[PDB]
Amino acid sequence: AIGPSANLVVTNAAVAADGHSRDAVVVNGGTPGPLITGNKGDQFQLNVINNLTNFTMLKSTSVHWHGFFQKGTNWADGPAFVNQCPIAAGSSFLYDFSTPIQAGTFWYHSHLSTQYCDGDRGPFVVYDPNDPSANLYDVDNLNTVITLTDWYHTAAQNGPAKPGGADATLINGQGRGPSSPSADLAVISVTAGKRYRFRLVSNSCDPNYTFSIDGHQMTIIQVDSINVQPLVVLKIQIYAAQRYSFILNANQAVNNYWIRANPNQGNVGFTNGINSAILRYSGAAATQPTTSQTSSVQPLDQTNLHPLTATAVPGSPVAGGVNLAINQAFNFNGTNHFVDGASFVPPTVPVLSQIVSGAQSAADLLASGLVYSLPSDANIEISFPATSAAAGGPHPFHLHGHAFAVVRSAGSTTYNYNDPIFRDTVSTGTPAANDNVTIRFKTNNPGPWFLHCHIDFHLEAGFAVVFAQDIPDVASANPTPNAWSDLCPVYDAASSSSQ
């Protein structure tokens, strides 16, 4: 609800998310942060105020607006040392950008190191006054957004480098156990007979969830901010950073129903209402559900998602039928992730500043072996063949600045150049299934753009490349405000323990 223009004050505070108390990074007093809203066409002016004091979770910050294209505003994209230097403690920085052509469910999170795990993360929804699916539901507001969070009792920079499971799943900021199975659960209210556009966002740093609601079907109308043909499911497997709008018809008996969100790892199952929340019909008692889980007969399959209005796949309906095709060979050496033999090490000068100060190709750009230049107005094919060489499957890869066509999904051997879904975060599957997840996009948006695994622990360990798209037009297409130009000198001046 906090309108198109708002202050985002970022501070440290103790939080009892799951009944356990620990210090964390919070936005306007709480984590996950407040929900940001606006309408398609709005100008978003988000003043991020860095009042952090704690070095262990990082005093500096940078916020990424997940799903937004940032066309002409690459500087505002967020990723530290790619699009900006971090905001320094005590200073504030304005993120100013328009959204003329996008509408849907989004989110925002720190894009400095693993900071967002320590709770710089929250939802962001842009409503469409002319939404094509508006006639399919009665209710769509703050109370229809559902966030999922993997919550850790030990801080990001304090625990294991690859945690492999959270202590508690949070649904709408609340969750349980297993050393605190009496903590408050989230309650979501429905009125029997009404239809709801529930906007599901994974704010997750790592795990994926099998999401379901006892006794109810779900009609998917949106995937990663892309309007989608109505698809009836009863189980959604949602990977880190992904979004779905589904319509729930409140057509069951007035009762309490278990909302379930089962992690792929960590504390699995539902003993004592862990990984759980409550769907409560108006009139039903303020108690826990007694509903029992049924087998998922219609699970979400990504190859069944198709865009609402026909949307052509870049290039031509043949393998390699594009201007530039790139394969991403994954690797891991015990502590570091490698793409095509290179592990991402953030440079001192943000890639953006390097281009504006007049780098011409990948060879002029630091983080060498990690930047790929892309020509403008071209079709691009990326493939991410799954391999045992990189531990921690399935890896959800995310592309900044673009939505892409998923011509080949995980768990499928078919290539769809006709009508596959477009999105911005995609599971790259498992080596065991011989997956070769393949995506396509159009270079219509000049600037440096991150492509990385949206398991934040893996990004931190270098699992990243940068697409330097249309270098010639970067500086001129992305004019930067002095506040942005000031960011680096101020941050670079800082002592190490004030970072």
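Numbers follow the displayed sequence, beginning with 1.
Novice: Could you check which stretch, 200-208 or 151-159, carries the larger mean CA temperature factor in the entry?
Specialist: Going by the record's values, the stretch with the higher mean is 151-159.
Novice: If you take the mean CA temperature factor per stretch, which one wins between 246-254 and 161-169?
Specialist: On average, C-alpha B-factors are higher across 161-169.
Novice: Per the PDB entry, which option out of 368, 428, 311, 275 has the greatest Cα B factor?
Specialist: Highest CA B-factor of the listed options: 368.
Novice: Going by the entry, which of 26, 439, 451, 36 has the most elevated CA B factor?
Specialist: The listed residue with the largest C-alpha B-factor is 26.
Novice: Could you place residue 79 in the lowest, middle or highest third of its chain by Cα temperature factor, using the values in the record?
Specialist: Residue 79: CA B-factor falls in the lowest third of its chain.
Novice: Among the modelled residues of its chain, does the C-alpha B-factor of residue 62 lie in the lowest, middle or highest third?
Specialist: According to the entry, residue 62 has a C-alpha B-factor in the chain's middle third.
Novice: Per the entry's values, where does residue 195 land by CA temperature factor relative to the rest of its chain, in the lowest, middle or highest third?
Specialist: Bottom third by C-alpha B-factor.
Novice: Residue 53's Cα B-factor: lowest, middle or highest third of the chain?
Specialist: Highest third of the chain for residue 53's C-alpha B-factor.
Novice: For the chain shown, is the CA B-factor of residue 446 in the lowest, middle or highest third of its modelled residues?
Specialist: As the PDB entry reports it, the C-alpha B-factor of residue 446 lands in the lowest third of its chain.
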